[PDB]
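**Student:** Starting off with a structure, shown below.
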Amino acid sequence: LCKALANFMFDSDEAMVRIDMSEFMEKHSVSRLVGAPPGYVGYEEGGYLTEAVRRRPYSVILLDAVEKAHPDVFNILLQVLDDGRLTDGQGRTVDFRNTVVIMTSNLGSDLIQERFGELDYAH
Amino acid sequence: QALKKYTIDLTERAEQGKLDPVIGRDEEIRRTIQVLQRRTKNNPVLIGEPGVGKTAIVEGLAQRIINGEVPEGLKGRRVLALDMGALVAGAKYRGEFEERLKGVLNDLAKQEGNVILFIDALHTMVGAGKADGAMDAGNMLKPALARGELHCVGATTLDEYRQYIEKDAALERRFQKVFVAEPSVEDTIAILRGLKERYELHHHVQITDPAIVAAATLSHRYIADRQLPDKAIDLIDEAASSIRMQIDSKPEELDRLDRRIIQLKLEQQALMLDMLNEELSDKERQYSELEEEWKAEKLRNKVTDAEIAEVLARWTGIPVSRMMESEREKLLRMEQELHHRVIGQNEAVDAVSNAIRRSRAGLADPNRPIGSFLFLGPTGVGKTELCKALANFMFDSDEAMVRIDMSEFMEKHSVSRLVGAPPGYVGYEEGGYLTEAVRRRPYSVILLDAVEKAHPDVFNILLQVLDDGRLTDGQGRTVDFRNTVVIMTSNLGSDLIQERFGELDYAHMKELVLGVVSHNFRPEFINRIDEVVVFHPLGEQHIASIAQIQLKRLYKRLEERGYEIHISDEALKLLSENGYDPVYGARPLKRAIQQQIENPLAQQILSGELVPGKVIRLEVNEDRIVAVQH
Amino acid sequence: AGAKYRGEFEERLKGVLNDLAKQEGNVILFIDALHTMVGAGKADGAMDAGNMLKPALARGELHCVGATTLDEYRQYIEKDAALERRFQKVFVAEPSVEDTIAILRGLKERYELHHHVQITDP
Amino acid sequence: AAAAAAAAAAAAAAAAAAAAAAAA
Ligand SMILES: Nc1ncnc2c1ncn2[C@@H]1O[C@H](COP(=O)(O)OP(=O)(O)OP(O)(O)=S)[C@@H](O)[C@H]1O
Ligand SMILES: Nc1ncnc2c1ncn2[C@@H]1O[C@H](COP(=O)(O)OP(=O)(O)OP(O)(O)=S)[C@@H](O)[C@H]1O
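For the protein sequence lines, the chains are E, C, B and S, in the order given.
For the first sequence, the deposited numbering begins at 614 and goes up steadily by one.
Here the second sequence stands for residues 159 to 430, 441 to 466, 527 to 858, where the numbers follow the deposited numbering.
For the third sequence, the deposited numbering begins at 247 and goes up steadily by one.
For the fourth sequence, the deposited numbering begins at 1 and goes up steadily by one.
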């Protein structure tokens, strides 16, 4: 579905910010998805998310399989889905407020495959 | 000009007869010709790991242009090597460098496109004299590269390409990647046949074709960092150098005895208690005899495969040299030679002697390590001593071995401290303790005493070590364990082994204790181990022999203390009766010796009683054993 | 030392290399602290000594002799494989006791000439 | 008649180091 959205909107499957959230299973690959703080090794190359959105403020951000991540990456996603801005390590701020932040998961797989019969959508 | 002042012609060197013969490599030189005959992007880069003939691909293309073995459009192309250090080396003032480089550009444009530029070390094109006033020679070649005006042949390494070119994206698309493969073995053989002719006519020596094919196969076999056809060539040239020193001066054994007799002459001059004149007399007599034998054949004039074995054994450490008779006759007695420090336990002594003989004879499995043993025995029957005896045979040295005792590794943690921390973590740039110290000296002994104490899923590292003998530390690299002698000692069933070594044969005991180990390990691990031996405890004869050896080392310590001491033969029986317990093996014997001998001995030496040189005997009392002065 | 100007180090090192080619294969070069030669002329956009010596090494036309600690070898030369294969590893082990006694018996004369005292050989 | 010399301009960088933790 996320590929269908990007291949509708931009008419390419990979024309999207794919963020594979099962690579971020350490606490400190927030350095990858946001950037290096100053003076350190790869400082003037930003993040992947923050750079690739400040290039192109209208794009679809697929955080792929969010439930595998280390749980203090959800701080960054709290700031994103709170106000659509983010403070990368180079000090600047990003305007996320024209993006579509789609995350995926499957955390009720036994439960959904159990009770999709005999239960309505609200329950 | 500028091309006269900053370039060196390669085709001049090929026509003047200076460059090497360049063999093979056919598809990549065809593909370099394909990339050089384009409209835009006339720029090949020759990527390969460092040592695989990239400079040789370029110089061979130059030789093919000289010989006219090229297509028609390449005829007459002067291939020029650019010296980038020559461009950088004078621009003290601002703007001088760019004048130099743009004069180079204008002369290349005047030469009608008839000059194939070759830049060795293309990573030295970025960072060519940039400053605050940065033009860098990267941002000057770049609109001349993209418009195909400049036929720059690059030659860069692979880890340097990612660091210095793929951190500059507008330049990385100017060039085209020719992935140079490391050759095969037979291609290396052919390359060494051409270079055989070259190094023969240089070093005035002769290289037999088995010396070439031995150098190729063995350098593929026994060197972990460097690559073919570099290390093969280096073995050939160093063997030729060693033969040139043999022919010029004298053979090596003459030099060994000559330098040792001048050494001992200096030392006996320095003795002005000795025990030196015997050794000087032996060495001078043997040097005179072998000098006369050299006069009898008045040792080589060629280069053979055993010469390559001598150089490769002096290269890494691994004993590939063919057996001299002292080494081989020492090697046949290996079962006998272990029983001067490990008396008893004939099973693994014969087994390990068989293992090292399988190594030195040449029938080892060339993909699995030599020794993959699991020693099993009760507490204190010489397992650790058998391994230290192996170190003493194999390296003339007791404490020169890799002893990584699993008795620290009681958690799943310490896998890290044997294979280093993964990147970004604390001790990343220190590597593993194990893989560093096997990357230093490959031919060694890994020792794992008390192997059952560890958390049971540490051994999966040793699944790798015994499947292939390659281990991958945190810095990604492989340290090849295919000469190491992996030994593990445990006591998983030594109650059962003290209980039933009698009244059952060795076979069913190995069967039952192997069932016990199968309860304590996994079938993955124990299927890798070659021979899992069982050790028995030590009866009275072995205890007497151990008591004799420990009193030998006691007298050996006391000789530098200066007290030659005898013993009652009855006192040996008092030590045997005072050190006998079949449940703990040999150490209660040693500490009974410690007490019941050294405490009167250190009592009487510290008493101000004993003078050196006296005949001292360990006479018994009714229960004591005392030292007497005679 | 004398080069904060661009190219002044490379000037010196190329002049040295042309002199060593001029000496017709008569000069043995000894370089102590080869790991100091690695990070040698590291100025911003400058060749080190590796990028300039590295031609003349593997044409055989320089007779360098390195002398480095093994821990400096890992960090400073094994990190750069190109200059790492240009040399030939010579492991120099710590000597055993008896040979060290022999060496010290050689060096007794120097200290006797220096301090004007004698030494017991025990 | 002086010519402005181009400089050498030595630079600098740093590097952090993480640390994992067991969680008993
Ligand atoms: N195919 C080949 N035919 C003939 N000689 C070869 C061939 N490949 C390599 N050589 C020789 O083997 C040696 C290879 O060394 P180089 O190729 O100069 O090292 P490299 O491959 O350039 O890697 P770098 O960049 O120098 S670290 C030289 O003596 C070459 O002449
Ligand atoms: N056959 C033997 N020959 C000579 N010394 C022996 C022999 N068996 C045991 N020893 C003595 O055993 C001592 C050390 O034995 P170890 O091998 O360390 O004990 P172990 O075999 O490792 O058993 P554990 O369970 O590890 S304590 C040394 O001080 C030796 O003197």
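Yeah, the Cβ is synthetic: ideal placement off N, Cα and C, and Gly gets one too.
(1) Could I get the ranges of all uninterrupted beta strand (DSSP E) runs contained in the segment 293-353 of chain C, with 3 residues as the minimum, in chain order?
(2) Taking 8 angstroms as the line, does the beta carbon of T315/C fall inside it for any heavy atom of ligand 1?
(3) Is there at least one non-hydrogen atom of ligand 3 closer than 8 angstroms to the beta-carbon of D294/B?
(4) Kindly examine ligand 1 and report whether one of its heavy atoms sits closer than 8 angstroms to the Cβ of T213/C.
(5) List, in order along the chain, the chain E residues whose C-beta lies closer than 7 angstroms to that of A16/S?
(6) Which of the residues in the segment 811-835 of chain C, read from start to end, lie with their CB under 8 angstroms from any CB of chain B?
(7) Does the Cβ of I420/C have 16 or more other Cβ atoms within 10 Å, making it buried, or fewer, making it exposed?
(8) Which term fits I274/B, buried or exposed, when burial requires 16 or more other beta carbons within 10 angstroms of its beta carbon?
(9) Do you know whose CA, among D593/C, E613/C, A592/C, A576/C, lies nearest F601/C's CA?
(10) Taking the continuous alpha helix (DSSP H) assigned at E555/C, which residues delimit it?
(11) Quick check: the Cα distance between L232/C and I166/C, rounded to an integer number of angstroms?
(12) State buried or exposed for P229/C, treating a residue as buried only when at least 16 other CB atoms are found within 10 Å of its CB.
(13) Check for me: the beta strand (DSSP E) holding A855/C runs from which residue to which?
(14) Provide the residue span of the beta strand (DSSP E) that contains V262/C, from first to last.
(15) For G234/C, which residues from the same chain have a beta carbon less than 7 angstroms from its beta carbon, with the 5 sequence-adjacent residues on both sides left out?
(16) How would you list, in chain order, the residues of chain S whose beta-carbon sits under 8 angstroms from the beta-carbon of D294/C?
(17) For chain B, is any of its Cβ atoms less than 9 angstroms away from the one on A23/S?
(18) Pop quiz: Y661/C and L646/C are said to be a contact at Cβ under 8 angstroms. What is the actual Cβ separation, rounded to whole angstroms?
(19) In terms of residues, what are the limits of the alpha helix (DSSP H) holding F687/E?
(20) Going by DSSP, what residues sit across from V714/C in a beta bridge?
(21) Cβ atoms of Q703/E and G648/E: under 9 angstroms apart, would you say?
(22) Does the beta-carbon distance from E639/E to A19/S come in below 9 angstroms?
(23) Can you tell me where the alpha helix (DSSP H) holding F621/E begins and where it ends?
(24) What's the C-alpha gap between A327/B and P208/C?
(25) Give the straight-line distance between the Cα atoms of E358/B and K288/B, rounded to the nearest whole angstrom.
(26) What does residue 30/S reach in chain E if we use C-beta pairs closer than 9 angstroms?
(27) DSSP on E639/E, reduced to helix/strand/coil?
(28) Kindly indicate if chain B contains any beta-carbon less than 9 angstroms away from that of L802/C.
(29) Which residues mark the beginning and the end of the beta strand (DSSP E) in which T282/B is found?
(30) If you follow the alpha helix (DSSP H) that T706/C is in, where does it begin and where does it stop?
(31) Can you check whether the C-beta of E639/E is within less than 9 angstroms of a C-beta belonging to chain S?
(32) Would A7/S pass as an interface residue toward chain E - the criterion being a Cβ-Cβ separation below 9 angstroms?
(33) Considering only the beta carbon of each residue, do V343/C and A374/C sit closer than 9 angstroms?
(34) Taking only runs of the beta strand (DSSP E) that begin and end inside the segment 174-262 of chain C, which ones reach a length of at least 3 residues, in chain order?
(35) Going by beta carbon distance, what residues of the same chain come within less than 7 angstroms of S672/E, once the five residues before and after it are set aside?
(36) Any heavy atom of ligand 2 closer than 8 angstroms to the CB of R569/C?
**Tutor:** If we stick to the structure as given:
(1) With a minimum length of 3 residues, the unbroken runs of beta strand (DSSP E) contained wholly in the segment 293-353 of chain C fall at 311-313, 334-337.
(2) Yes, since a heavy atom of ligand 1 falls inside the 8 angstroms radius drawn around the Cβ of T315/C.
(3) For ligand 3, the structure offers nothing, since it holds only ligand 1 and ligand 2.
(4) Under cutoff, so the answer is yes.
(5) Result: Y653.
(6) Within the segment 811-835 of chain C, no residue qualifies.
(7) Within 10 angstroms of the beta-carbon of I420/C lie fewer than 16 other beta-carbons, which makes it exposed.
(8) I274/B is exposed by the Cβ-count criterion.
(9) Its Cα nearest to that of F601/C, the residue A576/C stands out among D593/C, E613/C, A592/C, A576/C.
(10) Run containing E555/C: 553-560, per the alpha helix (DSSP H) assignment.
(11) So the two alpha carbons sit approximately 19 angstroms from each other.
(12) Looking at its Cβ environment, which holds fewer than 16 other Cβ atoms inside 10 Å, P229/C is exposed.
(13) Residues 853-857.
(14) For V262/C, no beta strand (DSSP E) segment is defined; the enclosing uninterrupted segment is the alpha helix (DSSP H) at 254-268.
(15) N272, listed in sequence order.
(16) Those within 8 angstroms of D294/C in chain S number zero; the least Cβ separation is about 12 angstroms.
(17) No, because no Cβ of chain B sits closer than 9 angstroms to the Cβ of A23/S.
(18) Rounded, the Cβ-Cβ distance is 6 angstroms, consistent with contact.
(19) That run of the alpha helix (DSSP H) goes 687-696.
(20) According to DSSP, which records beta bridges pairwise, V714/C is partnered with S600/C, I674/C.
(21) Judged by their CB atoms, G648/E and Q703/E are nearer to each other than the 9 angstroms cut-off.
(22) No, the Cβ-Cβ distance between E639/E and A19/S is not below 9 angstroms.
(23) From DSSP, the alpha helix (DSSP H) with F621/E extends over 615-622.
(24) Roughly 7 angstroms separates the two Cα atoms.
(25) Our two residues, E358/B and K288/B, have alpha carbons roughly 45 angstroms apart in a direct line.
(26) What the structure shows of chain S is the stretch from 1 to 24, and residue 30/S is not part of that stretch, so it cannot be assessed.
(27) Three-state DSSP puts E639/E in coil, outside helix and strand.
(28) Among the CB atoms of chain B, none fall inside 9 angstroms of the CB of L802/C.
(29) Secondary structure note for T282/B: it is in no beta strand (DSSP E), and the uninterrupted alpha helix (DSSP H) holding it is 280-284.
(30) Element bounds for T706/C: not the alpha helix (DSSP H) but the beta strand (DSSP E), 706-708.
(31) So, interface residue.
(32) Not an interface residue.
(33) A contact, by the Cβ cut-off of 9 angstroms.
(34) If we require 3 residues or more, the beta strand (DSSP E) runs fully inside the segment 174-262 of chain C come out as 202-205, 236-240.
(35) Closer than 7 angstroms at the Cβ level, and outside the excluded window around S672/E, lie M629, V630, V666, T712.
(36) Flag set: Cβ of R569/C near ligand 2.
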